[PDB]
Amino acid sequence: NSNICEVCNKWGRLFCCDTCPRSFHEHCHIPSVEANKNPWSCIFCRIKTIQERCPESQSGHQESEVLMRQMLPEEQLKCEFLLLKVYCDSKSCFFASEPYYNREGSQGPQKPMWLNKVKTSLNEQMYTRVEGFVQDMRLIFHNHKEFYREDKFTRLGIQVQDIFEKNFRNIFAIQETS
Ligand SMILES: [Zn+2]
Ligand SMILES: [Zn+2]
Ligand SMILES: [Zn+2]
């Protein structure tokens, strides 16, 4: 097993996957690392099993059909994994916790959003369709772009949105286009 958390890249109290060499802090894994379960398989392993059980799940899909999918267990897991892939980027720190807005010339968003809020909402099964989760994720970056206006800090929202969008296309096997 690796000696650092796969998500935050730090050592500490780590739980080790049984089917691959990754390790995790308890609350870095999503969902949080389960109490018992021997053997235990990480989210990476669980996602790979879905693909192996249904190889055709990798054929291209339209985004509009993906978004309308109900949050059955396999789509729940895919969204958890996509959320985890965002936390994997260190720049996710800017979007993790509850923001506040007091900048000359800007007004805060009408609907603030942040990663830990999305994490709670997934844990509490508050999204009934993939679209709910994707809308809240895209709202994080849109709020940031609007608030920061011409400040160069706007670029952090572009960067982390690009990580989200690339992983969304991968995990949900969105049809490749020019
Ligand atoms: Zn960690
Ligand atoms: Zn694993
Ligand atoms: Zn199949």
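Residues numbered from 1 in each chain as written, not as in the entry; some residues may be left out. Chains lettered and ligands numbered in written order. Heavy atoms only, no water. Residues with missing side-chain atoms left out of burial classes, pairs and counts.

What the entry reports as its method is X-ray crystallography, with 1.5400 Å given for the resolution.

*Asks:* Quick one: what's the story with the pattern of salt bridges, residue by residue and with numbers?
*Replies:* One pass over the full model with this rule turns up 7 salt bridges. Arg 69 is the partner of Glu 65 in a salt bridge, and the nearest nitrogen-oxygen pair spans 2.8 Å. Residue classification places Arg 69 among the buried positions, given a relative accessible area of 16%. Here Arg 103 and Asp 151 are joined by a salt bridge, their closest N and O atoms 3.9 Å apart. Pair noted here: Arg 103 is in the loop between α4 (93–96) and α5 (115–123) and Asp 151 is in the loop between α6 (130–148) and α7 (154–171), with a separation of 48 residues, a long-range link. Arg 103 gets classed as partly exposed once you look at its relative accessible area, which sits at 30%. (Salt bridge = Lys/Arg side-chain N within 4 Å of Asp/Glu carboxyl O. Buried < 20%, exposed > 50% of the residue type's maximum accessible area, 1.4 Å probe, protein only. Helix = DSSP H or I, 4+ residues; strand = E, 2+ residues; numbered from the N terminus.)

*Asks:* So what's going on with the coordination of the zinc ion (ligand 2)? Which residues, and what values?
*Replies:* Looking at the zinc ion (ligand 2), one finds its protein donor set to be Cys 17 (SG), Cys 20 (SG), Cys 42 (SG) and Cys 45 (SG), positioned 2.2 to 2.4 Å from the metal centre. Every donor counted, the 4 donor atoms about the zinc ion (ligand 2) form angles of 104 to 118° at the centre, which fits tetrahedral coordination. (Donors = N, O, S within 2.8 Å, 3.2 Å for Na, K, Ca; no water. Tetrahedral: all angles 85-135°; square planar, octahedral: opposite > 155°, others 65-115°.)

*Asks:* Account for the coordination of the zinc ion (ligand 1), naming residues and giving values.
*Replies:* At this site the zinc ion (ligand 1) is bound by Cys 5 (SG), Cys 8 (SG), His 25 (ND1) and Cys 28 (SG), with donor distances of 2.1 to 2.3 Å. When the donors of the zinc ion (ligand 1) are listed by position in the chain, the intervening gaps give C-x2-C-x16-H-x2-C. Considered together, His 25 and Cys 28 belong to a single accessibility category, that of buried residues.

*Asks:* Tell me about the packing of aromatic side chains, and name the residues and values.
*Replies:* Throughout the structure, instances matching the rule amount to 12 aromatic pairs. Relative to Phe 133, the ring of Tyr 127 lies with its centre 6.1 Å away and its plane at 80°, an arrangement referred to as edge-to-face. Assessed through its relative accessible area of 0%, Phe 133 is described here as buried. Linked through ring pairs, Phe 94, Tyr 101, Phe 147, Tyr 148 and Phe 153 together constitute an aromatic cluster. Directly above the aromatic system of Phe 44 lies the positively charged group of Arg 22, at a separation of 4.0 Å from the ring centroid. The positively charged end of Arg 138 is found above the aromatic ring belonging to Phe 168, 5.7 Å away from the centroid. (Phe/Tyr/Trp six-rings, centres within 6.5 Å; stacked < 30°, edge-to-face > 60°. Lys NZ or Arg CZ within 6 Å of the ring centre and 35° of its normal.)

*Asks:* Now, about α7: what can you tell me, with residues and values included?
*Replies:* Here α7 spans 26 Å end to end across 18 residues, near enough to the 26 Å set by a 1.5 Å rise per residue. The set of residues buried in α7 consists of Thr 154, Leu 156, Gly 157, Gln 159, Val 160, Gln 161, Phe 164, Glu 165, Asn 167, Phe 168 and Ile 171. In the core, the buried residues of α7 are packed alongside α2 (63–67), α3 (73–87), α4 and α6. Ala 173 lies just past α7 and shows a positive phi near 50°. (Expected span 1.5 Å × (residues − 1). Contact = heavy atoms within 4.5 Å.)

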